[PDB]
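First, one chain by itself in structure tokens, the form deposited without ligand CAA.
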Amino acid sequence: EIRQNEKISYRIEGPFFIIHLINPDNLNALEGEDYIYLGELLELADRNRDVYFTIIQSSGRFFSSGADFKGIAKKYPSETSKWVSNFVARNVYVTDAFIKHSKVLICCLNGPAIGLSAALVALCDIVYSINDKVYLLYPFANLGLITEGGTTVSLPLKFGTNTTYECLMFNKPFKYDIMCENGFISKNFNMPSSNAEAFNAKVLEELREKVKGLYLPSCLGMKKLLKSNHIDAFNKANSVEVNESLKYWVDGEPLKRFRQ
């Protein structure tokens, strides 16, 4: 059991724990407490012995525009204490929830993902794309921030070092063609951007077919070994990322910038 969140729902169908970002009018921008909620959902899926796959789906034309900076603009003895509680807290927690998750984590990329939300996409085990207009953007250089959500590790791992530097240093998207050239996307469904619902249903339909005859505990057993390849690097990066970001918040540059 868990509280309700009006921007994120979940349901369980057979071996699938399905998380749904359901705030398309605001491009599924997420506040700090929504990221914590996501982490709590993962931890709930992780403790459910009937669950073998955790599927993250979204709504409308964006997967997620990233952190809601209306919530950032909105009691603390210092700026450091403020950002330790408001930024360090939620980033380190949600990122860890994704890094350690034992169930097969699948992202249905119905549209672009930005920032911390795009970082979480990059931590999923498998990504399916609605169409060739999807992209990931990590706009840290334009926001006055640094890598978040384990992207220090995930982006070189999944897109290559040089590509990662070009994208991160100059605030350029990891476009669909770059995703495909790195095998980031396992299947493109080539559906119109206006029907994330049909896309989400189609992915689930195919997953139900693909799991037939499989010994699902083998999936988890394999994931347990595969995770060990980079678990340490991800855990190292998580604490360093959140702590090194603090000087950027406390300097004030990100507030000054994402005001406009």
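Numbering starts at 1 and runs along the sequence shown.
Here the subject shifts to the form deposited with ligand CAA bound, a form of this protein not shown in this document.
**Q** Given the pose of ligand CAA in the deposited complex, superimposed here by the C-alphas around the site, does the shown chain leave the site open or is it blocked by 3 or more ligand atoms within 2.4 Å of backbone or C-beta atoms?
**A** The site is open here, because ligand CAA, transferred from its pose in the deposited complex, meets no backbone or C-beta atom within 2.4 Å.
**Q** Heavy atoms within 4.5 Å of ligand CAA in the deposited complex: which stretch among 156-164, 122-130, 185-193, 139-147?
**A** So the stretch in question is 139-147.
**Q** With the partner left out here, if you bring back ligand CAA in the deposited complex, are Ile55, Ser102 and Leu105 all within 4.5 Å of it by some heavy atom?
**A** Negative, none of the three is within 4.5 Å.
**Q** Is there a heavy atom of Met179 lying 4.5 Å or less from a heavy atom of ligand CAA in the deposited complex?
**A** Looking in the deposited complex, residue contacts with ligand CAA do not include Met179, since no heavy atom lies within 4.5 Å.
**Q** Though only this chain appears here, would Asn26 touch ligand CAA in the deposited complex if you measure heavy atom gaps against 4.5 Å?
**A** Close contact exists here: in the deposited complex, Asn26 approaches ligand CAA to within 4.5 Å, heavy atoms only.
**Q** Can you check whether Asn171 is within 4.5 Å of ligand CAA in the deposited complex, heavy atom basis?
**A** Output for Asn171 is yes: heavy atoms within 4.5 Å of ligand CAA.
**Q** Answer yes if any heavy atom of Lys224 is within 4.5 Å of a heavy atom of ligand CAA in the deposited complex; otherwise answer no.
**A** Residue-level check for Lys224: no, no contact with ligand CAA.
**Q** Exactly one of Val51, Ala67, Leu42, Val203 has a non-hydrogen atom within 4.5 Å of ligand CAA in the deposited complex; which residue is it?
**A** For this set of options, the contacting one is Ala67.
**Q** Between the options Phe62, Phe234, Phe199, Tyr37, which residue brings a heavy atom to within 4.5 Å of ligand CAA in the deposited complex?
**A** By the 4.5 Å criterion, the partner-contacting residue is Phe62.
**Q** Judged by heavy atom distances of 4.5 Å or less, which residues of 108-132 approach ligand CAA in the deposited complex?
**A** Heavy-atom contacts to ligand CAA in the deposited complex: only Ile114.
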